[PDB]
Protein chains: 2
Amino acid sequence: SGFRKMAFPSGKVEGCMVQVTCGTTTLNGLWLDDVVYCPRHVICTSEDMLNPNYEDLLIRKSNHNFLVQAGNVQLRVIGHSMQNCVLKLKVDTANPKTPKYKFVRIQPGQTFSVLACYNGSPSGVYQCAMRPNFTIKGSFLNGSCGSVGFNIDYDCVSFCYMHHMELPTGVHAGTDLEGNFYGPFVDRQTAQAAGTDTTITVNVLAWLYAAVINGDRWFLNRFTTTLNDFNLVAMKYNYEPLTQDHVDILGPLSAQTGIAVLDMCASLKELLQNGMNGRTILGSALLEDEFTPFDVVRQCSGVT
Amino acid sequence: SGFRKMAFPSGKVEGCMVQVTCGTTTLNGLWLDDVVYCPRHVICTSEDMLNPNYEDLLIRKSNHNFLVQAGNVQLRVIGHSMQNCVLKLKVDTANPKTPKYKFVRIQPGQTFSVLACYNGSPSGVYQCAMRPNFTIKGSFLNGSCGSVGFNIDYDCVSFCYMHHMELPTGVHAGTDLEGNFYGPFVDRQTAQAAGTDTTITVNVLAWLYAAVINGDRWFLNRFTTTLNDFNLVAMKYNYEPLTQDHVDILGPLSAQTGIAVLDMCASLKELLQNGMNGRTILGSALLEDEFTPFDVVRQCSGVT
Ligand SMILES: CS(=O)(=O)NCC[C@@H](C(=O)Nc1cccnc1)c1ccccc1
Ligand SMILES: CS(=O)(=O)NCC[C@@H](C(=O)Nc1cccnc1)c1ccccc1
């Protein structure tokens, strides 16, 4: 009973957080095996961020300039290199708390948990989605850079995000763990605008299925629609176009509830056209799009 | 930038979760030092739950009937006792991962994180509030009993909740770690209805302050009000009456933003009377009441 925006247990990731300081800049790092991963802008002063030449700034840095502290103990840095927008600091000790892990580059619409950190210490955990415009709507302040996003499959942590930047609009941008930004963003104090933040249609449908499973059914109607008809409505409301791939992924939810995907699309169509009329769905007064179909199945079945 | 429903990092609590089985019933336990805490209904069959005499059911149980498994290893049970609605199983080994901890009985309106578990294994973490009617709106399925709620002050975990029951209405009831239920609920398969779920006014005001800090300001108006005037409106909308104690707790937010508490009350009054008119506040289309004033300060300042 009940449905909540749930994050993965963060323990396995808390064991990897370290503090990295270079000169007067301090941020978070991720220690896995004998490498510490952190945003390359750790080498920048606030002045340097206006137009940084990272290769030139990195020449003036030696291994002893990167101060890495794991809780209360100092790690010895024996190598450093830049890969895209991240620095990889080779340390002389393998992290004993290193979990089984993978580095993955997620797709827009996919969800993940964020362990927000400051000074190498965890402050909290929340669930995010990579927006279709490649931004994330997080909760990050100065010093949170290097905090990571991840998913967990039983004992394996798949790291997908490292926080680097806040856009002047209050939304967030970052990289995968290979240092490649999601979207067109660059690690420079230049005004960079985000594109249209469209709604993740397949996620809204998955969340409507979660609502039916948990008892919220008022929005079910007597109608059906087609993909092309639904998509004319999705276009008008800045929703992502629904494809047969999305219908396929919703198959298990459709089978469990006995509500055909296109019938749920017709419920969604009427909700877009008529609004909620002051009613709520799973305690929300808007259509939630940060639950994937996999998230809904996982939460509704009890996967640990 | 940004404001999210954030949970505490759950690592310290994940280290305490164990599986407890008695006969054919399996639920979660909390292992702290040499004691495992779990709901007393672990001794019940599904038939027993209609009208259980726990003292009589417990007489037929010995230490060897309680199977406690910490991950893959079995704990030896050397004592057992019932305290209110919890069982305390004395084991022969102190949990090496026991954090600094306290047992606290929270007040309605206070928030906490829940580490939902199944078979002694964590599935996810989310943020809750103890409702004014002493229920929690969680996400729990059969087998989640024994999952706990907690807060963290730097290195100290304050345990406040243990999950026991789902009401026929889909809301949740449980105990503090001394086994005393929050509210009038009893651990019996009897229909028990929840009282009026009022809105936590001081939390909504705190969340309005979080909105102003993060840029969402459209709801600010040119009006003020008084506590008695505001409370006539709060009464009409099933909001908790606002007291001077609540105004006092909002003082730091009022000082930080320069918006007097009673002026924010007048913004809230107009929002209750006029609705949102299709607009959002911090990505929500309703007034959020599960952030305390302390939660807002902590998130907006970066406390780890
Ligand atoms: C103190 S630090 O080392 O964590 N970061 C300082 C610089 C960083 C930055 O302000 N990032 C930031 C601020 C607030 C929230 N989320 C992210 C930056 C990166 C790219 C272009 C411009 C600025
Ligand atoms: C399988 S178990 O041992 O975890 N619990 C079985 C009995 C429990 C129960 O169904 N609790 C429950 C179910 C679903 C979600 N949240 C809570 C119960 C407690 C009090 C009165 C009636 C029933």
Side-chain angles (χ1 to χ4, degrees), chain A residues 1-15 17 113-128 136-144 152 154 166-172 214-216 275-276 278 280 283-287 295 298-304, chain B residues 1-15 17 113-128 136-144 152 154 166-172 214-216 275-276 278 280 283-287 295 298-304:
Chain A
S1 46
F3 200 82
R4 277 276 184 191
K5 185 72 62 73
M6 204 172 288
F8 289 98
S10 62
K12 289 162 185 278
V13 179
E14 293 168 48
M17 304 309 306
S113 294
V114 171
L115 180 64
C117 292
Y118 296 88
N119 295 101
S121 296
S123 51
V125 63
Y126 52 88
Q127 190 77 350
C128 274
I136 77 170
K137 297 190 187 154
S139 174
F140 293 112
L141 296 163
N142 287 154
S144 65
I152 305 178
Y154 173 51
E166 66 167 5
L167 297 189
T169 66
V171 300
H172 302 115
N214 287 284
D216 245 332
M276 317 258 293
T280 64
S284 180
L286 49 75
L287 305 162
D295 291 343
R298 187 184 305 114
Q299 184 168 167
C300 296
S301 80
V303 172
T304 57
Chain B
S1 46
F3 200 82
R4 277 276 184 191
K5 185 72 62 73
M6 204 172 288
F8 289 98
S10 62
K12 289 162 185 278
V13 179
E14 293 168 48
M17 304 309 306
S113 294
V114 171
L115 180 64
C117 292
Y118 296 88
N119 295 101
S121 296
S123 51
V125 63
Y126 52 88
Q127 190 77 350
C128 274
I136 77 170
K137 297 190 187 154
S139 174
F140 293 112
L141 296 163
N142 287 154
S144 65
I152 305 178
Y154 173 51
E166 66 167 5
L167 297 189
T169 66
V171 300
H172 302 115
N214 287 284
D216 245 332
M276 317 258 293
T280 64
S284 180
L286 49 75
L287 305 162
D295 291 343
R298 187 184 305 114
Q299 184 168 167
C300 296
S301 80
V303 172
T304 57

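Every heavy atom of this structure was used, including side-chain atoms; hydrogens, water molecules and symmetry mates were not. We name chains A, B, ... by the order of the sequence lines, and we start the count at 1 in each one.
- In this structure, the portion of B:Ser284 lying under 4.5 Å from any heavy atom of chain A is its backbone and not its side chain.
- Looking only at heavy-atom pairs under 4.5 Å with chain B, the residue among A:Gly15, A:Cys128, A:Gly283, A:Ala7 that has the most is A:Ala7.
- Taking CE of B:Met276 as the reference point, atom CG of A:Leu286 lies at 8.5 Å (rounded to 0.5 Å).
- When all heavy atoms of A:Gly11 and B:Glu14 are compared, the pair lying nearest together is N-OE2, 2.8 Å.
- Here the closest non-hydrogen pair linking B:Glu166 and A:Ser1 is OE1-OG, 2.6 Å.
- Remark: of the listed residues A:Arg4, A:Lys5, A:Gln299, A:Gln299 is the sole one forming a side chain to side chain donor-acceptor pair (under 3.5 Å) with B:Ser139.
- Between the side chain of B:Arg298 and the main chain of A:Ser123, no donor-acceptor pair closer than 3.5 Å is present.
- Of the listed residues A:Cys300, A:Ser301, A:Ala285, A:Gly275, the one with more heavy-atom pairs under 4.5 angstrom with chain B than any other is A:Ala285.
- Between the side chain of A:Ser10 and the backbone N or O of B:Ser10 there is at least one donor-acceptor pair closer than 3.5 Å.
- Residues B:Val125 and A:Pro9 form no side-chain contact, since every pair of their non-hydrogen atoms from C-beta on lies 4.5 Å or further apart.
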Solution key, residues 113-122 of chain A side-chain donor-acceptor pairs under 3.5 Å, sequence neighbours excluded:
residue: A:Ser113; atom: OG; partner: A:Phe8; partner atom: N; Å: 2.8
residue: A:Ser113; atom: OG; partner: A:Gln127; partner atom: OE1; Å: 2.6
residue: A:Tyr118; atom: OH; partner: A:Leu141; partner atom: N; Å: 2.9

